[PDB]
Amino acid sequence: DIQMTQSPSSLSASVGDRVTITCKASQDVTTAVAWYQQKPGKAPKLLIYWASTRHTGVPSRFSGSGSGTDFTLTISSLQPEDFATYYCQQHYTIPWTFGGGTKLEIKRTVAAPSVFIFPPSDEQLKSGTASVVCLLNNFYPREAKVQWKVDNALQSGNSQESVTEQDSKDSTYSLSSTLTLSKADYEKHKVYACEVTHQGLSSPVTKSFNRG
């Protein structure tokens, strides 16, 4: 069972850039490596097979090379339609296996998030649960840290977050983090805070409210 490791996990680039992504097999696959493009909500499409053969109808800027265990896919001059996820696959031996993928994203200038905190509604509290929501709006790059603190106590396994794909207009990301408590536990505490760290900020920003 041959394992395929792709790198990098994501890459930011601009239209016109030369980009090269890597795929490494855990053992020899000769030249039997294929590459695929996938866009959100669509099936993958074949780009390259037998390591270096461009598939019919694929633009000429796509090329592939490598052998044994080391393989690359190169886009000579990135076009807007090329931002997408790329997967390598070995077609050498059953079981056929795929790399984890490389997401090609649009480079832009660093942008700090605007941060907002929302207390639970009275409607939800009447139902026995309390969700507290922290929103990070229109930031770049994707990497951010969100920490929940309740009366200074750092929270651990009671939150979940979700991130949007890059905005079609400004190429930024937004993120929601939701802290979920029972009503009784929520009413045990006073100060609810979400502390956000991001490259575009000179320091963490803390947004908080007082339950009373």
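In case it trips you up, residue 1 is the first one in the sequence shown, and so on.
Here 110 to 118 and 84 to 92 are compared by their mean Cα B-factor, and 110 to 118 comes out higher. For the pair 48 to 56 and 166 to 174, the record assigns the higher mean C-alpha temperature factor to 166 to 174. Comparing the C-alpha B-factors of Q155, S63, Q37, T31 in the entry, the top value falls on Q155. Annotation for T102: C-alpha temperature factor in the lowest third relative to the rest of the modelled chain, per the entry. Per the deposited record, the Cα B-factor of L73 falls in the lowest third when ranked against the other modelled residues of its chain. Sort the chain's modelled residues by C-alpha temperature factor and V132 lands in the middle third, per the entry.
In this PDB entry, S12 carries a Cα temperature factor that places it within the highest third of its chain's modelled residues. Ranked by C-alpha B-factor against the other modelled residues of its chain, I21 falls in the lowest third.
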